[PDB]
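Protein sequence lines, in the order shown, are assigned to chains D, U, Z, A, L, F, X and R. For the first sequence, my numbering gives the first residue as 271, with consecutive numbering after it. For the second sequence, my numbering gives the first residue as -14, with consecutive numbering after it. For the third sequence, my numbering gives the first residue as 214, with consecutive numbering after it. For the fourth sequence, my numbering gives the first residue as 78, with consecutive numbering after it. For the fifth sequence, my numbering gives the first residue as 27, with consecutive numbering after it. For the sixth sequence, my numbering gives the first residue as 300, with consecutive numbering after it. For the seventh sequence, my numbering gives the first residue as 118, with consecutive numbering after it. For the eighth sequence, my numbering gives the first residue as 28, with consecutive numbering after it. Right, one structure below, let's go through it.
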Amino acid sequence: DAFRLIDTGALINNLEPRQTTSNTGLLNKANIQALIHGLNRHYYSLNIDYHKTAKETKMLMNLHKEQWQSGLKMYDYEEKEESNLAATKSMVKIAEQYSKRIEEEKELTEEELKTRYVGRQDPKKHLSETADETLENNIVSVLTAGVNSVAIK
Amino acid sequence: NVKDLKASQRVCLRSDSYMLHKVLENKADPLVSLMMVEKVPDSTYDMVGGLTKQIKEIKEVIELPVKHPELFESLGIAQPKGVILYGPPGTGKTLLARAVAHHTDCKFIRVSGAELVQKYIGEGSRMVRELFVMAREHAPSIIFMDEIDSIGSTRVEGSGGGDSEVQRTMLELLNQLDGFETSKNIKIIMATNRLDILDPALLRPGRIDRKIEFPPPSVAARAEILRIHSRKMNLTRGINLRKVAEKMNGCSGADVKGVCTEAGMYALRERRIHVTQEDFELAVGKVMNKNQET
Amino acid sequence: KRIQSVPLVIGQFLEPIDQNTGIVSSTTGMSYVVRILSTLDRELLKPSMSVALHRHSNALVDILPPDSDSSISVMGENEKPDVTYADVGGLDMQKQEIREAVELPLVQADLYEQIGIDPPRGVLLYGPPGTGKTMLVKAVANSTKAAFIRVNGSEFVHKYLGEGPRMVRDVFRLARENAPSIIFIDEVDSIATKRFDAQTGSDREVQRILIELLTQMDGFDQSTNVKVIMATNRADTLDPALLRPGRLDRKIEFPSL
Amino acid sequence: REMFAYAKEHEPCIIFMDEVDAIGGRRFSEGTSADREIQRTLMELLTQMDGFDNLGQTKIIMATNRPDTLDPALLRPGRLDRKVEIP
Amino acid sequence: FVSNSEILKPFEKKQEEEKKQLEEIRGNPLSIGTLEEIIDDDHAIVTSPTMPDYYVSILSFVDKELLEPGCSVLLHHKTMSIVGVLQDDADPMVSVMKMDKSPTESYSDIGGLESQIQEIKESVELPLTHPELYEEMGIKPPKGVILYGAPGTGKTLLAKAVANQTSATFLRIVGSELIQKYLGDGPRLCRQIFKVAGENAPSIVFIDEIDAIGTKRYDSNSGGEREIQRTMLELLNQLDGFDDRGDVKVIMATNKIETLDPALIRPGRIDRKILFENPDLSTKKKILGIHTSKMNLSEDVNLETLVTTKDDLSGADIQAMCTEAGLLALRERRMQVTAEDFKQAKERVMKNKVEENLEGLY
Amino acid sequence: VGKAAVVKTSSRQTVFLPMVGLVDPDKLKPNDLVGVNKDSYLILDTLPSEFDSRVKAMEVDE
Amino acid sequence: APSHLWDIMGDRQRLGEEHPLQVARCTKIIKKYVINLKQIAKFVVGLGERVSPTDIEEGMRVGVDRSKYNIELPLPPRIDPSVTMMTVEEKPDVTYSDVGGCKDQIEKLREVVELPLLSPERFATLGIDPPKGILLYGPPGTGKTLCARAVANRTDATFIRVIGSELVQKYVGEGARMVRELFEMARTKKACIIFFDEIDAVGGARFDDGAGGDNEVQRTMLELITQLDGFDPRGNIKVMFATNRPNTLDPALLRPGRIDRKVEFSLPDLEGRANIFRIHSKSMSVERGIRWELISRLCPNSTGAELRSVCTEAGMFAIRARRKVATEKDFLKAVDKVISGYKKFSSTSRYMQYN
Amino acid sequence: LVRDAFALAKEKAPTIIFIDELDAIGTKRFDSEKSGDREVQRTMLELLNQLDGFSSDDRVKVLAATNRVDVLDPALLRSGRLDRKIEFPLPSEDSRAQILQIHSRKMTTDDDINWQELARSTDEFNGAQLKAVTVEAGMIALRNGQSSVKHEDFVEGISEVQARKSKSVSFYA
């Protein structure tokens, strides 16, 4: 947050709402929500934007985008699997129970064509929770098979 | 707008500018520490046996004018203030008060002495009359004084102390409803072990217009009490319900269920879901020893 | 989903209000009204369930697993296999009522369902000061090898007032979640009283501990697994509301003389 | 709870109590005048001796003007096993 | 036209401008507090329930005459200024408990005391309703009356009918609520009762069933022997510690005033002693006729027979026989109550509790 | 291990701080009231020749 | 009405931050000021812009700023006293001449109280010490408080009303604070009057055994004696002890060093009771030619409370007996009413003296 | 309070502590009803612990002033707390004569007063009852308009009822 002194904001001083993104303060919510309209003094009209040059653009892409994987290659694949060796066999088995235990609870509401247990949001609970679980199993299946694959005798 | 706003309403207060947003919910019925108010209780006449002779008495005395307020008003009889039922303690006479509020669609309210002593500024004397003022908002229900008698799960069968002071204090306020509101919606039902618990002041019981005697437990009285709770499992008709009640000496209504517990105690050691004639003789022998012990 | 991550605030659910909107109680002592994250649901939580809150806004984020403080958290077995019931004899008069109100429901809970008799939820120990014990009560958990929770009467009151009632709900909850347990409370007479409660008043309220002991006792004790044992002294003053059959049943006095 | 917690790391040694006339009372309720905080002090002392933690190495020296003011629960065996008179 | 434009128009416009200036005072940044003391410099210290300390100035619309220590003023969140004086926040919540406006009572149910009714009227009803009586003659009206007699004579109903004629607030006090044992607290509650009666000045002060502790007679709230000194002398310190010419009139009533402290009687404030007696057979027909007005009586039932049977009975005993005789016919579902129910009611209610002296003939 | 002092604020909050060069370990005493910062809560001011305070009623009359 | 006469100044003394100071008490003075907040927090600050070095004293509330702590304006000490702030009255009712008759009770009190306040230089010639305390007990109903209020009118200063039940509070030890609140305003407000009402509920010697919970009453007087005569004989204003139970008081309370002048009210004689009906003859209605000396002679010795009841009840006979004004016949009926009719209780008449 | 009272005896070692009304703090209160109080004996245990602590260097000497000896804690007297028990009986003839003479030094008399006769006129009077003699002696000459206080004003000022005088009791004879 920056600050710009408006001096006398009574009548005919200058037009702040021109440059970029002005006329904020909808209802009582602005930033911390305690400032609302008047903000600090005579509506200093906070606006801040960033920029990147040609050198700063290639620097961030080669350093930090989401996580830093650069500088070394096959270690990030193996070390993630090696530390998880006892965990992967466990996580596949542990999440195997919790996957069906959710399917064995909310899914039983909708069975026949008519209404029995009066399912409402129950059939949609086990669908969204187990949607990523079936995806994570396919991801670790390729990673576990891919690292040991690709040559290395 | 403020037209829809009133007291005892939980609302949403904004955390930024400190302003009102909307109304969330109301204030719950229980207040302070523990407030027990039961509307339309689960106590019925079919669950209480052996009092049928007494149930018919309290039906035309207590329940009758409360369920039909237009009777005594048209016939010229003043509204009954309160009715007390005296008898042997431990028989569960409180369940009779809960049964009246069930059929009359009233609320069962207990007056506890633990909340009569509290830390407040100026409200120390209010807690005595607070349950009387709040009862106007609880609809024309029936107030029962808690901890004035021993049903077998409680203590202090009775005393001539502050327990009897609060009784005549709330009953004195019944004349105030006729002086100000000119309508009395409050009726208090009480139960004591002896007649000496009451305070002989204000000559004649003007506060309690009906004194009902509670019959002591007998063979025919405990026979219907047992049969209600006696069967959780298979039973036989060869055993006599009066023979089981004859073995019990002075056992109250709460002690009858002790035979029901002992009926399944011997069946649990044998892992049998049926009760034969040999178990009835062993069940009554244990209860007679437990009643005389401690 | 990864925005909040580690910096979460411990809290506890209270009452539902609106869809994906509920009121909670933060450990800081300030109750805020916030919303519920879209990935969760009001049906996925419980009134005593603990949830995670935001640092500043204190918004509900994630549902905490069934674990809490409960003073010193005990898994139920710590150096338990030491003493047995044979170390203290002559208790056959007292132990006969204990085994029927503790040992039998802890092993086979279906026997009470077949007899249709309500098993006693709580257990009390009477007698004048100096009763000894601290042996057979531990011996039951030692012989049956079940979970055991010991919380003294002075440990229910946290240094902060609002944390007091939040910790009491956690004592009864952690026992039912994982395995059948046994709740032991030594000298609870400092809370349960007869009409002298809070010594004719103290501090601000102080009654928040007794309210949760009465309310949470009826909510739990259903599957007939966890039992409550409370040993006290003789003040000749006791709470009759606790003694009601709808809350506590088993009452055992030490065989004095 | 402190003195018995520090007894494990600082070695059992000896813990001393100096002229305690207060916590050993029955304290009938007149309103107690804020002294209810002392009632939980007596409860903590009683539950400590009967606690499941390892004890007996740490010595508790409690001196007082007269013994009767002390808690009769403490005077009975199981907590205070040693009464040494200095006549 | 000319006057309405220069009066009504600027008035409605000024009131809207005053509310706009309240946004910086009464606006959303608003809080409360408890006033402690005031200083001649237009500054005061006020403590909110969160226990802060705010030293600020005084705003408009309020002077220092309305600001008293112990009250609750209005504060601000940011500027923290004192806005104005306000009443008790959420109020004491005392509306109708022992006090009311105009209770409904007549002179028929209290009939039979007419010999002693003219004493309380001239000393209470006459000076309050007609103040010109003692002002024109210069006499001083009685500042209180004492009530003594057997219960059941309508002790409370006596002053209840007088309150309806005076059209003023009628205060009452329970004897057992002042002696309540918390810690001390006996004299503290007594001051709060008379303090409320001084602000509005109802000019009526009554106490029903003075008890305190004669000997014990309590369990939960005792107070010990020190409570007797701090309670009974506190009611004395109200009349003895203040001189009020024409406003506060203190009336005391109980079953027996003899065992009370002669200092508690406070002679010279109460110049009238009223004794209570049971109504005679001539006045029983007025009370009996009211309860039996809506009752269906048979042809063999005579009102003069029930009055003759009654011997040494209170006013509640007249309606008791009508209630007992009415329930006997109600259980049998009868329209007109038979004469047998009236005979069984007058005989049973006569002797129930104590039938005999238990020893000798006395 | 290293020399470090632990302070307990008057608001009942425990703050850990490394040894400050403005004070000495011999001058620092346990369970003592010393001047601390409002923000960093570091130990700066020393003991002003008074253990705690005179509470309410005290007579300094000579 | 004065809406705009204030907000004009709202742009200086309000918008700016000066007044919002955190009230706190200073402890140690190093000449560094150690000040303890009401939140239980301690700090050290210096002087202010307008703060004088001699204004800050030990044991005094000093307001400090909330953001950056600094001394700005001093505050009066003892902000905790609350109930005692209502004990100050002004312009009482009973005047100096309202006391019936002129007796020794009036002349002895005005010399030890009214004389040193009005004429402080009269006793300075002989160089003596005026009595600090006085004694008024007597039997009740004699108008004891009526004579005490006659002195407060001639004084025209602050009158402190102290009730005997005010010393006993709802907290143990708070009674000792209530005593210091009375003597603290004596130094703040000079030449005032304090009056105790029914000290029997506090003042007394209960010894030890027989109760076990009554020791809170005796600890109030031991603090009251210390605040009266302590190690340092600090006192200015006169002290008045009044109660209706002189025999049950502390046997040391009646000793010199606190109370010097001892004046006990007595039952007025025929000459004393004569002026009681004369001061009341100016009020109500009195028939011309009636001699009140014969009415007071028929009335035996009794308290002054029953004497004023005769003239009050005399006007009540005119309504029932159908009379215009108060005659001699109605005066004789008041003798059989106010006296002979009330002979059952409703009086002391040598009842409470010792036991 | 007691803990910080002797704390000021550390920074300043040669100090003097005074305790007024020693009987104000103490009791037993165990057997009988009310279970005592315990809001008092707390500060009494501080007096026992502090004097047995770093104190008792004989720079901490405390002056204990109390009324009677009847009600007190028997544990308050020890060689480490209070040693010399100083009894203060009523002054004798020659003791009252010197006390009465000092209080009259600020007054104006004719120097005809012989205090040896007034010392025998005073029978068993304490230090406070002697000071009230010179106070009332000045009030007698003030109401009568006397320029000086003669010997008769002292005799008249001492004489007052109090005691058992003005007996309504029977017997006598």
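Here a beta-carbon is modelled for each residue, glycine too, at the ideal position from N, C-alpha and C.
Item checked: Reference residue 242 of chain Z; option with closest CA among Z:372, Z:392 and Z:407 -> If you number the third sequence from 1, residue 242 of chain Z lands on position 29. Each of Z:372, Z:392 and Z:407 was checked against the Cα of residue 242 of chain Z, and the nearest Cα belongs to Z:372.
Check: Relative to chain F, which residues along the stretch 35 to 67 of chain R have a C-beta separation below 7 Å, given in chain order?
Finding: So the list reads 38, given in the order they occur along the chain.
Notebook entry, point to check: Looking at the C-beta of residue 184 of chain R, does it have a partner C-beta in chain X at a distance below 7 Å?
Noted result: Here residue 184 of chain R refers to the residue found at position 157 when the eighth sequence is read from its first residue. Not closer than 7 Å to any Cβ of chain X, the Cβ of residue 184 of chain R fails to qualify, so no.
Note to self: Within 8 Å, do at least three Cβ pairs link the stretch 122 to 140 of chain U to the stretch 86 to 102 of chain U?
What the structure shows: Counting C-beta pairs closer than 8 Å gives three or more between the stretch 86 to 102 of chain U and the stretch 122 to 140 of chain U, which meets the contact rule.
Margin query: Quick check on residue 409 of chain X: buried or exposed, where buried means 16 or more other Cβ atoms within 10 Å of its Cβ?
Written below: Working through the seventh sequence from its first residue, we reach residue 409 of chain X at position 292. Its Cβ being crowded by 16 or more others within 10 Å, residue 409 of chain X is buried.
Check: Can you name, in chain order, every residue of its own chain whose Cβ lies under 8 Å from the Cβ of residue 303 of chain F, other than the five neighbours on each side?
Finding: Here residue 303 of chain F is taken as the residue at index 4 of the sixth sequence, counted from 1. Cβ within range, chain order: 315, 316, 317 and 318.
Check: chain X beta carbons: is any one of them nearer than 7 Å to that of residue 174 of chain L?
Finding: Along the fifth sequence, one-based indexing puts residue 174 of chain L at 148. It does not: the Cβ of residue 174 of chain L has no partner Cβ on chain X nearer than 7 Å.
Next item on the list: Tell me, to the nearest whole angstrom, how far the beta carbon of residue 231 of chain X is from that of residue 272 of chain X; I am working on the premise that it is less than 8 Å.
Entry: By 1-based counting over the seventh sequence, the position of residue 231 of chain X is 114. By 1-based counting over the seventh sequence, the position of residue 272 of chain X is 155. Right, their Cβ atoms sit about 7 Å apart.
Next item on the list: Take the Cβ of residue 229 of chain X as the centre, count every other Cβ of all protein chains shown within 10 Å, and call the residue buried at 16 or more, exposed below.
Entry: Working through the seventh sequence from its first residue, we reach residue 229 of chain X at position 112. Residue 229 of chain X comes out buried.
Notebook entry, point to check: Excluding sequence positions up to five away, which residues of its chain have a Cβ less than 6 Å from the Cβ of residue 140 of chain R?
Noted result: Within the eighth sequence, residue 140 of chain R is the residue found at index 113, counting from 1. So the qualifying residues of the chain are 178.
Item checked: Neighbouring residues, chain A, relative to residue 467 of chain Z (Cβ below 8 Å) -> What you label residue 467 of chain Z is simply residue 254 of the third sequence in a count that begins at 1. The premise fails here: residue 467 of chain Z is roughly 13 Å from chain A at the closest Cβ pair, so nothing lies under 8 Å.
Item checked: Whole-number beta carbon distance between residue 236 of chain U and residue 202 of chain U, since they are thought to touch under 8 Å -> The residue labelled residue 202 of chain U in the question sits at position 217 within the second sequence. The residue labelled residue 236 of chain U in the question sits at position 251 within the second sequence. With 8 Å as the limit, residue 202 of chain U and residue 236 of chain U qualify as a contact, their Cβ atoms being about 6 Å apart.
Notebook entry, point to check: Three-state secondary structure (DSSP) at residue 276 of chain U?
Noted result: Indexing the second sequence from 1 puts residue 276 of chain U at position 291. Here DSSP, grouped into helix, strand and coil, assigns residue 276 of chain U to helix.
Next item on the list: Could you tell me whether the stretch 216 to 231 of chain U touches the stretch 180 to 196 of chain U, using the rule of 3 or more Cβ pairs below 8 Å?
Entry: The stretch 216 to 231 of chain U is not in contact with the stretch 180 to 196 of chain U.
Next item on the list: Tell me, please, whether the CB atom of residue 237 of chain U is closer than 7 Å to any CB atom in chain D?
Entry: Indexing the second sequence from 1 puts residue 237 of chain U at position 252. Judged by the 7 Å Cβ criterion, residue 237 of chain U is not in contact with chain D.
Next item on the list: Check whether the Cβ atoms of residue 49 of chain U and residue 197 of chain U lie closer than 7 Å to each other.
Entry: Numbered from 1 along the second sequence, position 64 holds the residue referred to as residue 49 of chain U. Numbered from 1 along the second sequence, position 212 holds the residue referred to as residue 197 of chain U. Note that the C-beta distance between residue 49 of chain U and residue 197 of chain U is not below 7 Å.
Item checked: Per-residue DSSP class, three states only, for residue 141 of chain L -> Here residue 141 of chain L is taken as the residue at index 115 of the fifth sequence, counted from 1. In the three-state reduction of the DSSP assignment, residue 141 of chain L falls in the helix class, which pools H, G and I.
Checklist line | Any chain A beta carbon closer than 7 Å to residue 294 of chain Z | finding: Counted from its first residue, the third sequence places residue 294 of chain Z at position 81. Chain A has no Cβ within less than 7 Å of the Cβ of residue 294 of chain Z.
Check: Taking just the CA atoms, how far does residue 125 of chain L sit from residue 307 of chain F?
Finding: As a first step, residue 307 of chain F must be located in the sixth sequence, where it is residue number 8. As a first step, residue 125 of chain L must be located in the fifth sequence, where it is residue number 99. Between the alpha carbons of residue 307 of chain F and residue 125 of chain L lies a gap of roughly 54 Å.
Check: For residue 389 of chain D, which residues from the same chain have a beta carbon less than 7 Å from its beta carbon, with the 5 sequence-adjacent residues on both sides left out?
Finding: As a position in the first sequence, residue 389 of chain D is number 119, starting the count at 1. 379 and 380, listed in sequence order.
Checklist line | residue 107 of chain U to residue 215 of chain L span [Cα, whole Å] | finding: The residue you call residue 107 of chain U lines up with position 122 of the second sequence. The residue you call residue 215 of chain L lines up with position 189 of the fifth sequence. Taking the straight line joining both Cα atoms gives about 7 Å.
Next item on the list: Pull up the distance between the alpha-carbon of residue 310 of chain F and that of residue 227 of chain Z, whole angstroms please.
Entry: Mapped onto the sixth sequence, residue 310 of chain F falls at position 11. Mapped onto the third sequence, residue 227 of chain Z falls at position 14. So the alpha carbons of these two residues sit roughly 28 Å apart.
Notebook entry, point to check: Any C-beta of chain R sitting closer than 7 Å to the C-beta of residue 103 of chain A?
Noted result: Position 26 of the fourth sequence, counted from the start, is the residue given in the question as residue 103 of chain A. Between residue 103 of chain A and chain R, the shortest Cβ-Cβ separation is below 7 Å.
Next item on the list: Tell me, please, which residues DSSP counts as bridged to residue 335 of chain Z.
Entry: On the third sequence, residue 335 of chain Z is found 122 positions in, with the first residue counted as 1. Under DSSP, residue 335 of chain Z takes part in a beta bridge, and its partners are Z:441.
Next item on the list: Below 9 Å between beta carbons is the criterion; list the residues of the stretch 326 to 339 of chain X that meet it against any residue of chain R, in chain order.
Entry: Answer set for the stretch 326 to 339 of chain X: 326, 327, 328, 329, 330, 331, 332, 333, 335, 336 and 339.
Next item on the list: Examine chain X for any beta-carbon lying closer than 7 Å to the beta-carbon of residue 349 of chain F, and answer yes or no.
Entry: As a working mapping, residue 349 of chain F is identified with position 50 in the sixth sequence. Output row for residue 349 of chain F: interface = yes.
Note to self: residue 201 of chain L and residue 302 of chain L - do their beta-carbons sit closer together than 7 Å?
What the structure shows: As a first step, residue 302 of chain L must be located in the fifth sequence, where it is residue number 276. As a first step, residue 201 of chain L must be located in the fifth sequence, where it is residue number 175. It is not a contact, given that the beta carbons lie outside the stated cut-off.
Item checked: Within chain X, the residues that residue 165 of chain R reaches when beta carbons sit closer than 8 Å -> Counting from 1 along the eighth sequence, the entry for residue 165 of chain R is found at position 138. For residue 165 of chain R, the residues of chain X that pass the 8 Å Cβ criterion are 240, 243, 245 and 246, in the order they occur in the chain.
Notebook entry, point to check: Quick one: does residue 46 of chain A have its CB under 7 Å from some CB of chain Z?
Noted result: This structure does not reach residue 46 of chain A, given that chain A is present from 78 up to 164, and the question cannot be answered.
Next item on the list: Less than 8 Å between the CB atoms is what I'm expecting for residue 316 of chain Z and residue 364 of chain Z, so what's the real figure, rounded?
Entry: Counting from one through the third sequence, the residue named residue 316 of chain Z turns up at place 103. Counting from one through the third sequence, the residue named residue 364 of chain Z turns up at place 151. Cβ-Cβ separation between residue 316 of chain Z and residue 364 of chain Z: approximately 22 Å, too far for a contact (criterion under 8 Å).
Checklist line | Three-state secondary structure assigned by DSSP to residue 69 of chain L | finding: Residue numbering aside, residue 69 of chain L sits at position 43 when the fifth sequence is read from its first letter. In this structure, residue 69 of chain L counts as strand in the three-state DSSP scheme.
Checklist line | Closer than 9 Å at the beta carbon, the chain U residues around residue 303 of chain D | finding: Taking the first residue of the first sequence as 1, we reach residue 303 of chain D at position 33. The contacting residues are -1, 0, 1 and 2.
Notebook entry, point to check: Residues of chain R with a CB under 8 Å from the CB of residue 354 of chain F: which are they?
Noted result: Indexing the sixth sequence from 1 puts residue 354 of chain F at position 55. Residues of chain R whose Cβ lies closer than 8 Å to the Cβ of residue 354 of chain F are, in chain order, 28 and 31.
Next item on the list: Inspect the beta-carbon positions of residue 265 of chain Z and residue 275 of chain Z and report whether they are closer than 7 Å.
Entry: Taking the third sequence and counting its residues from 1, the one referred to as residue 265 of chain Z is at position 52. Taking the third sequence and counting its residues from 1, the one referred to as residue 275 of chain Z is at position 62. Note that the C-beta distance between residue 265 of chain Z and residue 275 of chain Z is below 7 Å.
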